[PDB]
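I have placed the structure first, in the form of structure tokens, so that the comments after it can refer back to it.
In what follows, every heavy atom counts, from backbone to side chain, and hydrogens, waters and symmetry copies are set aside. Naming: A, B, ... by sequence-line order, numbering from 1 per chain.
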Number of protein chains: 2
Amino acid sequence: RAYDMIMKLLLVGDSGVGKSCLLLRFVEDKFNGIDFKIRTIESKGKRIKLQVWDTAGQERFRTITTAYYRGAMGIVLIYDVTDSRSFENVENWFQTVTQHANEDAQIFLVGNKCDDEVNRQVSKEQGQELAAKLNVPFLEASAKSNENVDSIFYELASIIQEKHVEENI
Amino acid sequence: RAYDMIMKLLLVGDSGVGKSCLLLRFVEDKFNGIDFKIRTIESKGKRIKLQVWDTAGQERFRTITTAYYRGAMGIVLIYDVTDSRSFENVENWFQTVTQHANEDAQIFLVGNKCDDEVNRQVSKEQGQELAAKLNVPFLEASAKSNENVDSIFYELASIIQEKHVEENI
Ligand SMILES: Nc1nc2c(ncn2[C@@H]2O[C@H](COP(=O)(O)OP(=O)(O)O)[C@@H](O)[C@H]2O)c(=O)[nH]1
Ligand SMILES: Nc1nc2c(ncn2[C@@H]2O[C@H](COP(=O)(O)OP(=O)(O)O)[C@@H](O)[C@H]2O)c(=O)[nH]1
């Protein structure tokens with residue numbers, strides 16, 4: 001059977017939070033500059049070719065490529081639970097994404113590096129607090145331990161499958 | 001060197017005009033259902049990963065997936081030069097694309113099957129006439145003879161490279 005849906009997922013976050021590692025762990029299942037990588041999944045019996053982008057780091061200074069944020073059905077806002085300054089910069093990310101992404105794009109907050117408990121600077125409850133203020137889902141994940149990594153994109157694909165628009169005519 | 005730009009190209013046209021053959025000829029160089037195929041090209045010294053979509057045929061009846069038309073930096077409107085009824089339906093395609101694609105998307109008119117001169121029903125001048133009325137570039141191509149097939153996506157990528165937006169901050 002051919003693919004039933006194609007979903008363009010966009011990874012955003014400060015440099016060093018684990019964006020390319022989360023991308024490598026989801027598609028290639030490994031652990032340890034503009035490109036996108038694909039992985040085929042099933043969601044409610046439908047074959048969906050996921051399109052995961054890692055394009056936030058190579059943008060020009062004080063510019064945004066507004067075409068990359070368009071068409072993106074899902075945006076994964078990633079921060080480092082071991083870096084409280086990356087968690088405090090989520091407000092800047094959420095403001096830029098919502099301004100340039102479209103109204104039907106779904107935002108998913110993710111606290112990466114949930115395995116590094118020795119260096120944890122942001123609680124799991126702090127991430128659940130910020131996510132419920134921005135009205136977005138939340139998950140703590142780790143590209144190292146593969147914890148909740150699949151559930152990030154599978155849950156986001158399930159929301160897009162429920163929310164994506166198919167306008168008449 | 002990593003990729004400098006990523007371009008989402010959308011192929012549209014009536015069923016049977018040669019959309020999937022033009023896609024197969026561009027990426028795989030061969031001749032003789034929702035998916036996209038990629039091919040890496042160079043445009044003015046920049047490595048661009050092209051993303052060619054063939055998604056017009058499997059849409060639901062009297063519906064459009066408005067997310068697929070968003071983010072698409074280029075739309076290739078294809079008709080059959082051996083099928084005058086497919087050329088007369090370009091007005092319907094151009095009206096739908098412009099309504100759901102964004103203002104910075106570039107439209108490229110293409111008359112496929114330029115090799116079949118025995119069955120030609122639309123002149124090359126008719127296609128140049130319709131294209132200059134819609135203010136879009138034009139090319140007559142053939143997935144069979146590989147004529148102007150590369151020039152379709154290379155010219156469209158050159159226009160997007162000149163037109164795509166990089167908004168400040
Ligand atoms: N412990 C741990 N370290 C991680 C995780 N993800 C990334 N890292 C480390 O963070 C460093 C930089 O991450 P990176 O992929 O470059 O993030 P990016 O620059 O935002 O894409 C890498 O060297 C990884 O070793 C994780 O889930 N757990
Ligand atoms: N002579 C000729 N035939 C073509 C060309 N492109 C496609 N065809 C024929 O048109 C038929 C249907 O085209 P198809 O790829 O299904 O168009 P689509 O349904 O719009 O994607 C195929 O069986 C091809 O043999 C071309 O450039 N030249």
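Side-chain atoms of B/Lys8 and A/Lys8, non-hydrogen and from C-beta on, never get closer than 4.5 Å to each other. In this structure the side chain of B/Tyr68 never reaches within 4.5 angstrom of the side chain of A/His164, judged on heavy atoms.
Between chain B and the options A/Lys49, A/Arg1, A/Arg47, heavy-atom pairs under 4.5 Å are most frequent for A/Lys49. Comparing B/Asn168, B/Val165, B/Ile6 by how many heavy-atom pairs each has under 4.5 Å with chain A, the most go to B/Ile6. The greatest number of non-hydrogen atom pairs below 4.5 Å with chain B, out of A/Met73, A/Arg60, A/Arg62, A/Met5, is found for A/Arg62.
Neither the backbone nor the side chain of B/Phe61 comes within contact range of chain A; no heavy atom of the residue lies under 4.5 Å from a heavy atom of that chain. Heavy-atom distances place no part of A/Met7 under 4.5 Å from chain B, backbone and side chain included. For A/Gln58, no part lies under 4.5 angstrom from a heavy atom of chain B. There is no contact between B/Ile160 and chain A, counting heavy-atom distances below 4.5 Å.
Remark: B/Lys44 NZ is packed, more than 12 non-hydrogen atoms of other residues, nucleotides or ligands lying under 6.0 Å away. The number of heavy atoms from other shown groups lying within 6.0 Å of NZ (A/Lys163) does not exceed 12. Counting heavy atoms of neighbouring residues, nucleotides and ligands inside a 6.0 Å radius, atom NZ of A/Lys144 does not exceed 12 of them.
The minimum heavy-atom distance between B/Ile34 and A/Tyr3, with the atom names listed, is O-CB, 3.3 Å. The two residues B/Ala2 and A/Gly33 come nearest to each other via the heavy atoms CB-N, 3.4 Å.
Criterion: ILVMFWY side-chain heavy atoms under 4.5 Å apart, direct or through other members. Under it, A/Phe26 and A/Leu24 are not part of a common hydrophobic cluster. At a threshold of 4.5 Å between side-chain heavy atoms, the hydrophobic network of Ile, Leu, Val, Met, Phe, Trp and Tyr places B/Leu10 and B/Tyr154 in one connected group. Under a hydrophobic clustering in which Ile, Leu, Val, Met, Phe, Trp and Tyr are joined whenever their side-chain heavy atoms come within less than 4.5 Å, directly or via other members, B/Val136 and B/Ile75 fall into the same cluster. A/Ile64 and A/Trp53 are members of different hydrophobic clusters when ILVMFWY side chains are connected at heavy-atom separations under 4.5 Å. There is no path of hydrophobic side-chain contacts, each under 4.5 Å, that joins B/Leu109 to B/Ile159.
A distance of 8.0 Å separates OG1 in B/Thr40 from CG in A/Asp35, rounded to the nearest 0.5 Å. Between atom CD of residue A/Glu166 and atom CD of residue B/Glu59 there is a gap of 7.5 Å, rounded to the nearest 0.5 Å. The structure places CD1 of B/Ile38 at 9.5 Å from CD1 of A/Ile38, a figure rounded to the nearest 0.5 Å.
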